[PDB]
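See below for the structure under consideration.
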Amino acid sequence: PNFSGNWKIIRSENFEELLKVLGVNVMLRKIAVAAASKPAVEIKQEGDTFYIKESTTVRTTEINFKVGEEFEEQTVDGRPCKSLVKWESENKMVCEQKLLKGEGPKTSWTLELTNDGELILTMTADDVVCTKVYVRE
């Protein structure tokens with residue numbers, strides 16, 4: 001499976017409620033949600049090594065990791081964390097996140113590529129799941 005590409009969002013479900021349950025205030029949710037309607041996700045995969053950049057109008061995040069090796073990133077609500085990605089199957093990776101400072105809800109995310117060329121991101125915080133689906137440009 002090759003995740004490399006420029007990805008455009010085609011579905012999103014439960015994003016704002018995910019932010020809400022994480023205690024993100026209304027002002028910021030509105031902005032995040034407005035802005036997340038027009039994102040850009042760029043992925044460069046070389047075997048188990050990945051570079052992933054997401055951009056909205058108001059935020060940008062970039063990560064470089066190798067499956068199986070711990071790296072630093074942020075939770076969906078902007079909290080610094082140590083992450084580890086593992087392959088669940090040939091086309092699906094899963095990431096467990098641990099906060100660097102303090103405690104909080106258990107967060108994770110997964111990325112899977114479908115046979116039809118769609119990229120499915122799920123993000124979970126405890127028992128609230130958000131799904132987003134992308135296609136290549």
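No value in this document is a laboratory result; all are computed from the given coordinates.
At 37 °C and 0.692 mPa s, what whole-number value in µm²/s does Stokes-Einstein give for the translational diffusion of segment 49-115, with Rh from the Kirkwood sum over Cα pairs?
Values: Rh = 12.8 Å.
Answer, rounded: 256 µm²/s.
Using alpha carbons only, the radius of gyration of segment 26-137 set against its Kirkwood radius gives Rg/Rh = 0.94. Evaluating 6.51 cos²θ - 1.76 cosθ + 1.60 at θ = phi - 60° for every residue in segment 38-49, the Karplus couplings come out as 9, x, 9, 10, 10, 10, 10, 10, 10, x, 8, 9 Hz, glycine and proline recorded as x.
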